[PDB]
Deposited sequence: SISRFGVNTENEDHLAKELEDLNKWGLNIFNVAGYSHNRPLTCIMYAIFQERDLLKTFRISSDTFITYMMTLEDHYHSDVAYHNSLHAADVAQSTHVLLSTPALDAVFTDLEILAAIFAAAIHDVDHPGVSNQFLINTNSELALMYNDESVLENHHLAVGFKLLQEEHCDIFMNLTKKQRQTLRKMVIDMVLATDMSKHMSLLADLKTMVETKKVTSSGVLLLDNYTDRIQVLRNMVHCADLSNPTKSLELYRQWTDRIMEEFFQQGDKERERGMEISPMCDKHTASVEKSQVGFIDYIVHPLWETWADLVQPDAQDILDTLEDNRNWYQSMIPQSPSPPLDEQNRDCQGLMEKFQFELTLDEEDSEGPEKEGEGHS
């Protein structure tokens, strides 16, 4: 196929894609059967399922041309922040959009924006933190004044690529649509910057305290401000959903991010940086740092999300608690979480 699917596993892929609308889709199998084109292959599936191609007159050719281009701007050598992660965040956002509490809430344009935002949110990620780029006086850091450095970059590159030959998937939108989508996308990607987590969660907390549903139990959002707030927390949840997938999947994610963190530690050493060495793979405690990560970041976010969508996210929340318990059981320089927390300042 134009996708990279051999006639061999075209049945394998279709069977894996039967769970396109599920939390337990396995995005790794999708990349195996697509020749490492998971982002393009899953985005195509998502757009078909939602009938977004026809709603917005994005021809297949334009969509595939843009997606394929987008996906090549992810770096396959970066262990976690590659096209598989982006594939996963998009597939995950696709599911969160369809939870019954969010049944008919969002316009097609809002759905288009959320999922697009998920696909581009990490494009051209060099595999290092914002703070690394800051401390090295990276051109990117200078360009965005050390503020949401990479998040700004992802947005820049994701829009830039619309301009390549037959890559403008938004060309048949009206001016008004394009301006609304853009503003929403910008707002969701910047919302994936971790130093904004706590302020993000502090507003989601509020939203829940005065939430209303229809007689159908569909959450009620009557002005742009509310919808974009839900949308941006949705994307950030998606971004932080690894620990809520099946233990088998979660551990693969953790393995990947730890490789990327350690690979960052090697660059810090190599380049002789700021005397404050992070722990290496012998000296770190990865398990302890996970439980630290889930208690401090992941669970408080997911618990508040589950509140908003009561009881839609319960199986998610229970799987989170099971996984926290598994990492918990496996527990025996500046540590991972110490380095994480210190660099929020």
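Visitor: Deposited sequence versus model: which ranges have no CA atoms?
Guide: No C-alpha for residues 1-2, 335-347, 361-377.
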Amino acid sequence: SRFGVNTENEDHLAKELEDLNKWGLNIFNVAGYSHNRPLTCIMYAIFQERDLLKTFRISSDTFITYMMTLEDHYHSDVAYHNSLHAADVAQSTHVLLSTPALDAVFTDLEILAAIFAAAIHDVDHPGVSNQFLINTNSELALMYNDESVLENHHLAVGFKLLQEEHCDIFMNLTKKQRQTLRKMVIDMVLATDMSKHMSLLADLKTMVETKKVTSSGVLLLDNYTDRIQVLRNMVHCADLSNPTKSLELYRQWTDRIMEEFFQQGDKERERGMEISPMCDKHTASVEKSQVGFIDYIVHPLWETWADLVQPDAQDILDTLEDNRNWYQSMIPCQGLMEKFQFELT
From here on, numbers count along this sequence of modelled residues.
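Visitor: 65-73 versus 316-324: which one carries the higher mean Cα B factor per the record?
Guide: According to the entry, 316-324 carries the higher average C-alpha B-factor.
Visitor: Using only C-alpha atoms and the B-factors in the entry, which stretch averages higher, 215-223 or 240-248?
Guide: That would be 215-223.
Visitor: In terms of recorded Cα temperature factor, pick the maximum from 156, 117, 208, 123.
Guide: Most elevated C-alpha B-factor of the set, per the entry: 208.
Visitor: Just the C-alpha B-factor column, please: which of 279, 39, 52, 45 has the biggest number?
Guide: Spelled out: the listed residue with the top C-alpha B-factor is 279.
Visitor: Pull the Cα B-factor of residue 266 out of the PDB entry and bin it into the chain's lowest, middle or highest third.
Guide: Residue 266: CA B-factor falls in the middle third of its chain.
Visitor: Considering only modelled residues of the same chain, in which third does the CA B-factor of residue 202 rank: lowest, middle or highest?
Guide: Highest third, going by the recorded CA B-factors of the chain.
Visitor: Could you place residue 257 in the lowest, middle or highest third of its chain by Cα temperature factor, using the values in the record?
Guide: As the PDB entry reports it, the C-alpha B-factor of residue 257 lands in the middle third of its chain.
Visitor: Would you check the entry's CA temperature factor for residue 30 and let me know if it's in the chain's lowest, middle or highest third?
Guide: Residue 30: CA B-factor falls in the middle third of its chain.
Visitor: Considering every modelled residue of the chain and its Cα B-factor in the PDB entry, is residue 164 in the lowest, middle or highest third?
Guide: According to the entry, residue 164 has a C-alpha B-factor in the chain's lowest third.
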